[PDB]
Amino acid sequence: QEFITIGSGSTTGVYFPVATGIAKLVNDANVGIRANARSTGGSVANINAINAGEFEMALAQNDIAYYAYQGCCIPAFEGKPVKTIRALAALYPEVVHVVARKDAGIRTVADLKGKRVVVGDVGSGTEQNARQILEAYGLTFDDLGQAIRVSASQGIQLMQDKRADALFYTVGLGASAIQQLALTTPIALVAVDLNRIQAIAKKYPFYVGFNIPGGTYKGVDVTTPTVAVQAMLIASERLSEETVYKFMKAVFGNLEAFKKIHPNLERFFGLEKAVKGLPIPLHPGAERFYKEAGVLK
């Protein structure tokens, strides 16, 4: 068998269940691939691991993938393009969640000054968005009381224990980590003003407005106006066309099966959307798949 490891994120985010379900589905297709998901810090770690030859595929944010491919915009990639990544599919929106304890004196992003904040994991996309958003509100990590980098499960535990005041997570709606925190702890979601971000859209062009419906998380009954990017499935350029083509048919050829993997896929995924506005080139095997499917002409 040909072994594929799919980098993901924290076990209580959305990448990890999605990657796990993708891996199972391609294994079940009996196409000579043996796939597994791996938990990681998220997008930056995942791209680095593809480039290093450690992972064959991963989930990543569209913004981070662009920055990697261009060698720009964030410190992790500035100065050295990562041209070894290719797109397979745009998947679903990843929303910037800014979670605050209700007792912490936080109603806006500006209130994070002096607070203990989980800014994202080491190697996360989340941290990059947090840094950009804080600067749009006139803050740096140094203005925080503590800038904490940990996994989603560690981060929610800190907020449960009142060892953190707030937590950022760029993640699909309905992440277990967030759901679990809302069940135990009085929390709110802090708004992120797109227009304040928009002042920085020249530099960071992938933010879109996104409104988290009220009642998504327990006790959070009001809507939350924030911003989103897009989750993507990416792959090494070094994977053969034939391997990627077979993978694509096994995973995306099976649309009902694919959408069962996570509610975000059922809600948001579609084949036409999968190829729209991509930040990096498609893998040849994906191009072939989408051409046959009639999605690319």
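Residue indices: 1-based, along the sequence shown.
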If you average the CA temperature factors as listed in the entry, which stretch comes out higher, 198-206 or 123-131?
198-206
Mean Cα B factor from the PDB record: higher for 250-258, or higher for 231-239?
250-258
In terms of CA temperature factor as recorded, identify the highest of 77, 169, 92, 141.
141
Entry-reported Cα temperature factor of residue 29, expressed as the chain third it lands in:
middle
Would you mind ranking residue 283 by its C-alpha B-factor against the rest of the chain and naming the third, lowest, middle or highest?
lowest
Residue 272, C-alpha B-factor rank within chain (lowest, middle or highest third):
highest
Residue 87's Cα B-factor: lowest, middle or highest third of the chain?
lowest
Considering only modelled residues of the same chain, in which third does the CA B-factor of residue 4 rank: lowest, middle or highest?
middle
